[PDB]
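Peer 1: Okay, handing you the structure first.
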RNA sequence: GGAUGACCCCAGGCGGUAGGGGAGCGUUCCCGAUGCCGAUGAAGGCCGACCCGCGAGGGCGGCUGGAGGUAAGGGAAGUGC
RNA sequence: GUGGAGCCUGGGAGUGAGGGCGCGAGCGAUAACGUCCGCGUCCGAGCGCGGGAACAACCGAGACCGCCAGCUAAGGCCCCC
RNA sequence: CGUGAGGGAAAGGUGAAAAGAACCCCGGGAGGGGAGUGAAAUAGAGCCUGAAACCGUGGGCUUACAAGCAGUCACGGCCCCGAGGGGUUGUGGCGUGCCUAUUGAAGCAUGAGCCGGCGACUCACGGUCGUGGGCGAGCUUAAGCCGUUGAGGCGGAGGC
Ligand SMILES: [Mg+2]
Ligand SMILES: [Mg+2]
Ligand SMILES: [Mg+2]
Ligand SMILES: [Mg+2]
Ligand SMILES: [Mg+2]
Ligand SMILES: [Mg+2]
Ligand SMILES: [Mg+2]
Ligand SMILES: [Mg+2]
Ligand SMILES: [Mg+2]
Ligand SMILES: [Mg+2]
Ligand SMILES: [Mg+2]
Ligand SMILES: [Mg+2]
Ligand SMILES: [Mg+2]
Ligand SMILES: [Mg+2]
Ligand SMILES: [Mg+2]
Ligand SMILES: [Mg+2]
Ligand SMILES: [Mg+2]
Ligand SMILES: [Mg+2]
Ligand SMILES: [Mg+2]
Ligand SMILES: [Mg+2]
Ligand SMILES: [Mg+2]
Ligand SMILES: [Mg+2]
Ligand SMILES: [Mg+2]
Ligand SMILES: [Mg+2]
Ligand SMILES: [Mg+2]
Ligand SMILES: [Mg+2]
Ligand SMILES: [Mg+2]
Ligand SMILES: [Mg+2]
Ligand SMILES: [Mg+2]
Ligand SMILES: [Mg+2]
Ligand SMILES: [Mg+2]
Ligand SMILES: [Mg+2]
Ligand SMILES: [Mg+2]
Ligand SMILES: [Mg+2]
Ligand SMILES: [Mg+2]
Ligand SMILES: [Mg+2]
Ligand SMILES: [Mg+2]
Ligand SMILES: [Mg+2]
Ligand SMILES: [Mg+2]
Ligand SMILES: [Mg+2]
Ligand SMILES: [Mg+2]
Ligand SMILES: [Mg+2]
Ligand SMILES: [Mg+2]
Ligand SMILES: [Mg+2]
Ligand SMILES: [Mg+2]
Ligand SMILES: [Mg+2]
Ligand SMILES: [Mg+2]
Ligand SMILES: [Mg+2]
Ligand SMILES: [Mg+2]
Ligand SMILES: [Mg+2]
Ligand SMILES: [Mg+2]
Ligand SMILES: [Mg+2]
Ligand SMILES: [Mg+2]
Ligand SMILES: [Mg+2]
Ligand SMILES: [Mg+2]
Ligand SMILES: [Mg+2]
Ligand SMILES: [Mg+2]
Ligand SMILES: [Mg+2]
Ligand SMILES: [Mg+2]
Ligand SMILES: [Mg+2]
Ligand SMILES: [Mg+2]
Ligand SMILES: [Mg+2]
Ligand SMILES: [Mg+2]
Ligand SMILES: [Mg+2]
Ligand SMILES: [Mg+2]
Ligand SMILES: [Mg+2]
Ligand SMILES: [Mg+2]
Ligand SMILES: [Mg+2]
Ligand SMILES: [Mg+2]
Ligand SMILES: [Mg+2]
Ligand SMILES: [Mg+2]
Ligand SMILES: [Mg+2]
Ligand SMILES: [Mg+2]
Ligand SMILES: [Mg+2]
Ligand SMILES: [Mg+2]
Ligand SMILES: [Mg+2]
Ligand SMILES: [Mg+2]
Ligand SMILES: [Mg+2]
Ligand SMILES: [Mg+2]
Ligand SMILES: [Mg+2]
Ligand SMILES: [Mg+2]
Ligand SMILES: [Mg+2]
Ligand SMILES: [Mg+2]
Ligand SMILES: [Mg+2]
Ligand SMILES: [Mg+2]
Ligand SMILES: [Mg+2]
Ligand SMILES: [Mg+2]
Ligand SMILES: [Mg+2]
Ligand SMILES: [Mg+2]
Ligand SMILES: [Mg+2]
Ligand SMILES: [Mg+2]
Ligand SMILES: [Mg+2]
Ligand SMILES: [Mg+2]
Ligand SMILES: [Mg+2]
Ligand SMILES: [Mg+2]
Ligand SMILES: [Mg+2]
Ligand SMILES: [Mg+2]
Ligand SMILES: [Mg+2]
Ligand SMILES: [Mg+2]
Ligand SMILES: [Mg+2]
Ligand SMILES: [Mg+2]
Ligand SMILES: [Mg+2]
Ligand SMILES: [Mg+2]
Ligand SMILES: [Mg+2]
Ligand SMILES: [Mg+2]
Ligand SMILES: [Mg+2]
Ligand SMILES: [Mg+2]
Ligand SMILES: [Mg+2]
Ligand SMILES: [Mg+2]
Ligand SMILES: [Mg+2]
Ligand SMILES: [Mg+2]
Ligand SMILES: [Mg+2]
Ligand SMILES: [Mg+2]
Ligand SMILES: [Mg+2]
Ligand SMILES: [Mg+2]
Ligand SMILES: [Mg+2]
Ligand SMILES: [Mg+2]
Ligand SMILES: [Mg+2]
Ligand SMILES: [Mg+2]
Ligand SMILES: [Mg+2]
Ligand SMILES: [Mg+2]
Ligand SMILES: [Mg+2]
Ligand SMILES: [Mg+2]
Ligand SMILES: [Mg+2]
Ligand SMILES: [Mg+2]
Ligand SMILES: [Mg+2]
Ligand SMILES: [Mg+2]
Ligand SMILES: [Zn+2]
């Protein structure tokens, strides 16, 4: 059984057992959160309009991190314009426990 | 004539690629029927002085 | 560049040498040449107000 | 074919004394 | 076990010698000797010396059998260059590089 | 979740009868087939399109006065080495090249596009040699 | 006091040269050529990060589009219905469903056909 | 909001040449220093997929090296190609 | 009408070769990627982004950073695409 | 180097101690390999450290139907390290070097072969604003004298 869930402005297919990285949530590590559900599939197929009312996905938040540093640099020729920025997008790591109908 | 000149430095790659034909070819050698030494064919063996069976020159 | 020991001769002509233009070798652009805004002897003393 | 005779832009090259 | 010999500051130009060294790399001591003897290049004289010295070192110093020897490694490195003046026309003075080589030969035992 | 990329697929062979079909509008469909843009696991950087066999290429149809007017062109590299060949002559002389040339110019340019053009097997006459792969008769 | 260059410039140059490993010719070996190459690299990466999001979207669409014509409608029609139905499953997942869960995709098509 | 630059909350701005302004990093030397680090390895060199920092940079680990180095906080310039 | 509005007194400037386009004229030939003014605009400094095959100034639109999420602009939806 | 006046360089470091490698081996020698000294010998005299351009040997990945400012984004293959990462690059997308000067340059306009090191807004005095302090109808000393030997005072002439 799988679920399509929406979090951090993006959407992910999740299933029990899944470790998953998403945009940082405001939940203490160890706690559990309930993600909205757009769709379920496998045995039963139920289609959200846009989200299905009863359903939820229980995920345990393993904690929060910082993605490997990405170097964002800007260069402009014949104008002596150079900028160097280091970016580390924060995230939250989730453990998908169960899918509720 | 107006003194031609190279326009750009030849890269490490392009010059070495030129030199893909520069390998020497090993001397072609046969054993001497008399004294079994290695020597170039159709020459008189400089080890024993034999050619075509007979002794030809002092070695 | 005027305190350095070299002469004031122009090392090679201005034009048609194929080389950069230069004057004397005491120029600060030369190795061995004079230094530009380097230190000179200096008096670092001043008069702090007696009341202070 | 051009009628108005057109003048040389460059002189005949001449050698320099070589430093 | 390996044995090694080095000839340093040999006044020959590395590119020219390397051509010869290439001929004997990975070869038996026996074939190498044959090859160098009939190689029509000045380098062959020098490379021969290094070859022999290593074999000598192998037998005399490192307990290796002359019959099992082969050229495990061989390489020519650049040594210092003798910079020399070559006088040319119209007063110009060129510089010639009498290049110099470091010849290295390394011998091993063919356990087969 | 990363996007699905397919492991090696078994390519599908397909037979198309060109007779009567308009040159360009068949050419279009063949290209699509070759790029495999009709299968949901389409990947742009591999050749997982179909193999397309065409028969009766000589019996391809063309609107307007193009038989006499559409000129194919070849440059040889030498001075004055531009050959102009009319549709009529090509059909008459190398008919299978008509559809091929159309299909080729609708394929992408480069290494993959070139590899795909090789998956186009075009024949004049009603028969083809590839019984071995038993192509599916496609209506396009 | 005098402050000759000392150790600074080498260390700076090394940074750049390290950041240029893998580049062809002097582009990885010469500081100056390394620099120039990196200038470009930064701009491309920035630009391509933006344009990556487009590259994958186009892919999703093409895959969605193909999976629709197996059911007798096209992408544009499918998306309108999906809209009229009020289904907000994005293209990233539509295309996943098109491949891994055809029944689920087939359901989605029906709803979209009906919503029109 | 708290009580004053602690941090949290909300809202808005943030293309940029000449150019104005701000805040920093690093280099040499001084006070700190009759101290402190240092052969159980100083400076410098070669690595690092690690840690911190927006960044300039700073750490830390391995290797080389073998006798120097120098804190918090300040000061002065031959200070960054 | 609270805006990187405005006015006042001061410190630091750079600029004082502009260019395209639309419109209004003069000069020119109801020529010029022509020349000289006026209003505006964009490039200049947005040779960053989408369209225009490609293309500083035409169309769309003012790039703080990240996202394998969504909606549009001009322009497009037979294949390249 | 210049007839001459004159111009005018480059070039420092073994180790604590020469203990500077007896003797043997290949070699004509140079040079090397053993032995030996040393805490250390890639400290061996072409000697502290020993960067970079540059050259070479081995290894992993890769390349002979492919179109290019050499990268970048994605995916796949192979190799290496221990739901991860490093190396490589096959295919696909995108993509007009840097600096200078310009109305405008990838520009077929300037400069640069590449690397290392040197290399350009400072100082004195005076001015003018801002600023951190002291004092405030007042503020402040200059030369010098005394003291110190990295000690600070005195000095009111004069200046505003
Ligand atoms: Mg994320
Ligand atoms: Mg986040
Ligand atoms: Mg430029
Ligand atoms: Mg550019
Ligand atoms: Mg410009
Ligand atoms: Mg002649
Ligand atoms: Mg190379
Ligand atoms: Mg090479
Ligand atoms: Mg060549
Ligand atoms: Mg003088
Ligand atoms: Mg003088
Ligand atoms: Mg003198
Ligand atoms: Mg004079
Ligand atoms: Mg000149
Ligand atoms: Mg020149
Ligand atoms: Mg001097
Ligand atoms: Mg000066
Ligand atoms: Mg000077
Ligand atoms: Mg001065
Ligand atoms: Mg000073
Ligand atoms: Mg000074
Ligand atoms: Mg002062
Ligand atoms: Mg020969
Ligand atoms: Mg022997
Ligand atoms: Mg001559
Ligand atoms: Mg001569
Ligand atoms: Mg002469
Ligand atoms: Mg030369
Ligand atoms: Mg040469
Ligand atoms: Mg040499
Ligand atoms: Mg058709
Ligand atoms: Mg294209
Ligand atoms: Mg400097
Ligand atoms: Mg590199
Ligand atoms: Mg290169
Ligand atoms: Mg950049
Ligand atoms: Mg970037
Ligand atoms: Mg977008
Ligand atoms: Mg819609
Ligand atoms: Mg939608
Ligand atoms: Mg599957
Ligand atoms: Mg905020
Ligand atoms: Mg904000
Ligand atoms: Mg903005
Ligand atoms: Mg800004
Ligand atoms: Mg330091
Ligand atoms: Mg002290
Ligand atoms: Mg001190
Ligand atoms: Mg001390
Ligand atoms: Mg201690
Ligand atoms: Mg010790
Ligand atoms: Mg140690
Ligand atoms: Mg120091
Ligand atoms: Mg560091
Ligand atoms: Mg160290
Ligand atoms: Mg000492
Ligand atoms: Mg300090
Ligand atoms: Mg102090
Ligand atoms: Mg200076
Ligand atoms: Mg330099
Ligand atoms: Mg403003
Ligand atoms: Mg303003
Ligand atoms: Mg100022
Ligand atoms: Mg003027
Ligand atoms: Mg004007
Ligand atoms: Mg004007
Ligand atoms: Mg004009
Ligand atoms: Mg109009
Ligand atoms: Mg007009
Ligand atoms: Mg008119
Ligand atoms: Mg007119
Ligand atoms: Mg006009
Ligand atoms: Mg205007
Ligand atoms: Mg300008
Ligand atoms: Mg503007
Ligand atoms: Mg532009
Ligand atoms: Mg351009
Ligand atoms: Mg940009
Ligand atoms: Mg365009
Ligand atoms: Mg344009
Ligand atoms: Mg234009
Ligand atoms: Mg533009
Ligand atoms: Mg839409
Ligand atoms: Mg529209
Ligand atoms: Mg179109
Ligand atoms: Mg399409
Ligand atoms: Mg003389
Ligand atoms: Mg010593
Ligand atoms: Mg000594
Ligand atoms: Mg010895
Ligand atoms: Mg000796
Ligand atoms: Mg000892
Ligand atoms: Mg010992
Ligand atoms: Mg010890
Ligand atoms: Mg030794
Ligand atoms: Mg060492
Ligand atoms: Mg040492
Ligand atoms: Mg040396
Ligand atoms: Mg020492
Ligand atoms: Mg050394
Ligand atoms: Mg050395
Ligand atoms: Mg190799
Ligand atoms: Mg071909
Ligand atoms: Mg091939
Ligand atoms: Mg190619
Ligand atoms: Mg290109
Ligand atoms: Mg892809
Ligand atoms: Mg990869
Ligand atoms: Mg590519
Ligand atoms: Mg640059
Ligand atoms: Mg100019
Ligand atoms: Mg070009
Ligand atoms: Mg160029
Ligand atoms: Mg060019
Ligand atoms: Mg020119
Ligand atoms: Mg040029
Ligand atoms: Mg000029
Ligand atoms: Mg220039
Ligand atoms: Mg040039
Ligand atoms: Mg030169
Ligand atoms: Mg180079
Ligand atoms: Mg100044
Ligand atoms: Mg002042
Ligand atoms: Mg003041
Ligand atoms: Mg006071
Ligand atoms: Mg007083
Ligand atoms: Mg005294
Ligand atoms: Zn014989």
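Residue numbers (the authors' numbering), protein chains in the order written: chain 1T, 1 to 101; chain 13, 2 to 60; chain 1F, 54 to 105; chain 1x, 1 to 19; chain 1U, 1 to 112; chain 1L, 1 to 140; chain 1S, 2 to 117.
Every residue gets a Cβ at the ideal spot worked out from N, C-alpha and C, and that includes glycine.
#1: Does chain 1S have any CB closer than 7 Å to the CB of residue 72 (chain 1T)?
#2: For residue 104 (chain 1S), go through chain 1T and note every residue whose CB falls closer than 7 Å to its CB, in chain order.
#3: Please determine if the region 54-71 of chain 1S and the region 92-112 of chain 1S are in contact, where contact requires at least 3 C-beta pairs separated by less than 8 Å.
#4: Measuring CA to CA, which of 32 (chain 1S), 63 (chain 1S), 105 (chain 1S), 111 (chain 1S) is closest to residue 85 (chain 1S)?
#5: Please state whether the Cβ-Cβ distance between residue 73 (chain 1T) and residue 100 (chain 1T) is less than 7 Å.
#6: Show which residues of chain 1S have a CB atom less than 8 Å away from the CB atom of residue 49 (chain 1T).
#7: Assign residue 50 (chain 1L) to buried or exposed, taking buried as 16 or more other Cβ atoms, counted over all protein chains shown, within 10 Å of its Cβ.
#8: Rounded to whole angstroms, what is the Cα-Cα separation between residue 47 (chain 1L) and residue 78 (chain 1S)?
#9: Just to confirm the assignment, what range does the beta strand (DSSP E) spanning residue 63 (chain 1T) have?
#10: Is it right to say residue 24 (chain 1U) is buried, meaning 16 or more other beta carbons lie within 10 angstroms of its own, or is it exposed?
#11: Helix, strand or coil: which one does DSSP assign to residue 62 (chain 1U)?
#12: For residue 4 (chain 1T), return the contacting residues in chain 1S, with the cut-off set at a CB-CB distance below 7 Å.
#13: Buried or exposed: where does residue 90 (chain 1F) fall if 16 or more other Cβ atoms within 10 Å of its Cβ makes it buried?
#14: So the candidates are 49 (chain 1T), 98 (chain 1T), 97 (chain 1T), 91 (chain 1T); which of them puts its Cα closest to the Cα of residue 22 (chain 1T)?
#15: Can you give me the C-alpha to C-alpha distance between residue 111 (chain 1L) and residue 29 (chain 1L), rounded to a whole angstrom?
#16: Which whole-angstrom value describes the C-beta separation of residue 7 (chain 1U) and residue 103 (chain 1U), a residue pair presumed to lie in contact below a C-beta threshold of 8 Å?
#17: In whole angstroms, what is the alpha-carbon distance linking residue 76 (chain 1S) and residue 33 (chain 1L)?
#18: What distance in whole Å lies between the Cβ atoms of residue 47 (chain 13) and residue 60 (chain 13), which are believed to be in contact at a cut-off of 8 Å?
#19: Determine, using beta carbons only, whether residue 72 (chain 1L) comes closer than 7 Å to chain 1S.
#20: With distance defined between alpha-carbon atoms, name the residue in 85 (chain 1L), 71 (chain 1L), 60 (chain 1L) nearest to residue 19 (chain 1L).
#21: Which residues of the region 17-48 of chain 13 have a Cβ closer than 8 Å to any Cβ of chain 1U? Give them in chain order.
#22: Taking C-beta pairs closer than 7 Å, name the residues in chain 1F that residue 16 (chain 1x) reaches, listed in chain order.
#23: Alpha carbon to alpha carbon, what distance is there between residue 64 (chain 1T) and residue 79 (chain 1U)?
#24: Kindly indicate if chain 1L contains any beta-carbon less than 7 Å away from that of residue 52 (chain 1S).
#25: Taking the C-alpha atoms as reference points, what is the distance between residue 34 (chain 1T) and residue 50 (chain 1T)?
#26: Looking at residue 61 (chain 1F) and ligand 10, is the gap between the Cβ and the nearest heavy atom below 6 Å?
#27: With 7 Å as the threshold, decide whether the Cβ of residue 11 (chain 1x) is near any Cβ in chain 1F.
Peer 2: Reading from the atomic positions:
#1: Yes, contact with chain 1S.
#2: Contacts between residue 104 (chain 1S) and chain 1T, judged by CB atoms closer than 7 Å, involve 45 in chain order.
#3: Because the criterion of three Cβ pairs below 8 Å is met, the region 54-71 of chain 1S and the region 92-112 of chain 1S touch.
#4: Residue 111 (chain 1S) is the option with its Cα nearest to residue 85 (chain 1S).
#5: Annotated as distal: residue 73 (chain 1T) and residue 100 (chain 1T), with beta-carbon spacing of 7 Å or more.
#6: By Cβ distance, chain 1S contributes 86, 87, 88.
#7: If you draw a 10 Å sphere on the C-beta of residue 50 (chain 1L), you find 16 or more other C-beta atoms in it, and that means buried.
#8: Taking the Cα positions, residue 47 (chain 1L) is about 28 Å away from residue 78 (chain 1S).
#9: According to the DSSP assignment, residue 63 (chain 1T) belongs to the beta strand (DSSP E) that extends over 56-66.
#10: When all chains shown are included, residue 24 (chain 1U) counts as buried.
#11: The answer is coil: DSSP assigns residue 62 (chain 1U) none of H, G, I, E or B.
#12: What residue 4 (chain 1T) touches in chain 1S: 90, 94.
#13: Counting Cβ neighbours within 10 Å, residue 90 (chain 1F) comes out exposed, since fewer than 16 surround it.
#14: Out of 49 (chain 1T), 98 (chain 1T), 97 (chain 1T), 91 (chain 1T), 91 (chain 1T) has the C-alpha closest to the C-alpha of residue 22 (chain 1T).
#15: The straight-line gap separating the alpha-carbon atoms of residue 111 (chain 1L) and residue 29 (chain 1L) is approximately 21 Å.
#16: At roughly 4 Å, the Cβ-Cβ gap stays under 8 Å, so residue 7 (chain 1U) and residue 103 (chain 1U) are in contact.
#17: The alpha-carbon of residue 76 (chain 1S) is positioned some 18 Å away from that of residue 33 (chain 1L).
#18: Contact flag correct, Cβ pair sits at about 6 Å.
#19: Taking Cβ atoms only, chain 1S never reaches closer than 7 Å to residue 72 (chain 1L), which makes this a no.
#20: For residue 19 (chain 1L), the closest C-alpha among the options 85 (chain 1L), 71 (chain 1L), 60 (chain 1L) is that of 60 (chain 1L).
#21: Along the region 17-48 of chain 13, the positions whose C-beta sits under 8 Å from a C-beta of chain 1U are 23, 24, 25, 27, 28, 30, 39, 40, 41, read in chain order.
#22: Within chain 1F, the residues near residue 16 (chain 1x) are 69.
#23: So the two alpha carbons sit approximately 58 Å from each other.
#24: Answer no: the Cβ-Cβ gap between residue 52 (chain 1S) and chain 1L never drops below 7 Å.
#25: Computed Cα separation, rounded: 17 Å.
#26: At least one heavy atom of ligand 10 lies closer than 6 Å to the C-beta of residue 61 (chain 1F).
#27: Cβ-Cβ to chain 1F under 7 Å: no for residue 11 (chain 1x).
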